[PDB]
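Novice: Got an experimental structure here, sequence first:
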Amino acid sequence: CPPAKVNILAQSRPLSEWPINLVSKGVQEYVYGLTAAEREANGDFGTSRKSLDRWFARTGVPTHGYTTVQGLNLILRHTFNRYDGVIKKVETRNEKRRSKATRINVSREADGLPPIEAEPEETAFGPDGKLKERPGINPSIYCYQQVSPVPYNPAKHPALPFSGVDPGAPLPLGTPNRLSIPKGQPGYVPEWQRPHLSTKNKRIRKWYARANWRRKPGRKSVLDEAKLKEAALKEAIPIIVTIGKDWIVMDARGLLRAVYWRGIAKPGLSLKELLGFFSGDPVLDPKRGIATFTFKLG
DNA sequence: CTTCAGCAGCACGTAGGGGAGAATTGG
RNA sequence: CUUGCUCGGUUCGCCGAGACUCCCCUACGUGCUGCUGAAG
DNA sequence: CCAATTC
């Protein structure tokens, strides 16, 4: 299940004011700082509407509006498994420690010597009762079935300065027959360069790639990022994820690249089939500005 | 003005916790 | 094989060779440096 | 149609 990466193009507001991220942050902050008894007291986080509703009242965690059971479940199981996992880490060493102590004691008993004393344990709780190596908050925003990427159809999605695509039409191809371009137009290969061009099948880089306009010791062309990007989203494929009043729109060109180098798909493929190769629950990075996808089992 | 000694990391590892849905269903 | 990333050739028009299991977190070595004390 | 249920 390899991962595939995708860049963002627009969003309503920064992914920090989202109810999902705020609720996950509050839940984590509450759970990580629990005592080894309060963990078992508040560990009956439910799976239904009523159980997950009454847990928030019992534990008092602020709720910013988020109520999705599928979206409130993915940010409680992870938090409690991380809490339990730190204890699992501090108790993993003690298993081999006890095994080694038992082996040494058995060897001494066989030799006749009395068993040697060993350290009891290295627990994870200090005088305050809380946990020593308290975990850090995960900024990842995990998606779910109810909110899955779909083709950006402007029928209901809001008005953006973007283009539109047919989910049924096959995906466009990257300027076939490169050596037919008028002079003075983007992508033009001068005549001296046409001899000794690559004949093997490889990635077809676009004119407005960032690798062709970048600072380099022997590159005298001037970098114009403002135009290099403003003329780069015209040929973009837009996929949209939507939780509430939020409308992340992405670029399904990373997905298109991903499907073409693991022996998966060819130029004859519609948008619906493109993201039908991927799991419907991507992971979002609020600070880096990237979305991560995963293939299916096939 | 040389050896140490218990701490911190702009950076590199490592080591070990956690994680990365969808099909059947109900107002 | 349209975005993204790495390394390069160029008349600067874009050309070539690549990698693609990723993220988060708490610890912990290393020179670097800082903070003290022994040593003629 | 689209939030909630088990797996």
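Specialist: Cool, got the structure. Residues are numbered from 1 along each chain as shown, chains lettered A, B, ... in the order given.

Novice: how far is the strand of greatest length in chain A from where the chain is centred?
Specialist: Ranked by residue count and defined by DSSP state E, the top strand of chain A is strand A:3-10. Centroid separation for strand A:3-10 versus its chain: 9 Å, with Cα atoms, centre = their mean, to the nearest Å.

Novice: Stretch A:243-258 now?
Specialist: 12 Å.

Novice: Extract the CA atoms of that stretch and return them as CSV.
Specialist: The C-alpha trace of stretch A:243-258 is given here as CSV (Å, rounded to 0.1, in the frame of the first residue of the first chain):
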residue,chain,number,x,y,z
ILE,A,243,-16.2,18.2,6.0
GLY,A,244,-18.6,21.0,6.9
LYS,A,245,-18.5,24.5,5.5
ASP,A,246,-14.8,23.8,4.6
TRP,A,247,-13.9,23.0,1.0
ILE,A,248,-10.3,21.8,0.5
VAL,A,249,-9.6,21.5,-3.2
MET,A,250,-6.5,19.6,-4.3
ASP,A,251,-4.5,18.8,-7.4
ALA,A,252,-5.0,15.3,-8.7
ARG,A,253,-1.8,15.5,-10.8
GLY,A,254,0.2,13.8,-8.1
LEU,A,255,-2.3,10.9,-8.2
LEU,A,256,-2.0,10.9,-12.0
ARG,A,257,1.8,10.7,-11.7
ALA,A,258,1.5,8.0,-9.1
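
Novice: Just confirm residue A:272 is within a helix.
Specialist: Yes - Residue A:272 forms part of a helix when assessed by DSSP: H, G, I helix; E, B strand; the rest coil.

Novice: The nearest residue to it once chain neighbours are set aside: which element?
Specialist: Nearest residue to residue A:272, sequence neighbours excluded (Cβ to Cβ, 6 or more residues apart in numbering): residue A:167, at 4.7 Å. (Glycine included, C-beta is placed from N, CA and C.) Using DSSP states H and E, residue A:167 sits in no helix or strand.

Novice: Count residues in the vicinity of residue A:167, would you?
Specialist: Number of residues near residue A:167 (other Cβ atoms under 10 Å) recorded here: 14.

Novice: So residue A:200, which state does it fall into?
Specialist: coil.

Novice: any idea how far residue A:12 is from it?
Specialist: 44 Å (Cβ to Cβ, to the nearest Å).

Novice: Please say which of the two ends up with more neighbours.
Specialist: Neighbours per residue (other Cβ under 10 Å) separate residue A:200 from residue A:12, with residue A:12 holding more: 15 against 4.

Novice: Any figure for the gap between the more buried one and residue A:80?
Specialist: Taking Cβ to Cβ as the measure, residue A:12 falls 31 Å from residue A:80.

Novice: tell me which residues in the longest helix anywhere in chain A are buried?
Specialist: In chain A, assigned by DSSP state H, the helix with the most residues is helix A:77-111. Residues A:78, A:79, A:80, A:82, A:83, A:86, A:87, A:90, A:97, A:101, A:105 are the ones in helix A:77-111 that count as buried (16 or more other Cβ atoms under 10 Å).

Novice: does the closest residue to the last one other than its chain neighbours count as helix, strand or coil?
Specialist: Across the structure, with Cβ to Cβ, 6+ apart as the measure, the residue nearest residue A:105 apart from its sequence neighbours is residue A:115 (3.6 Å). Assigned by three-state DSSP, the conformation of residue A:115 is coil.
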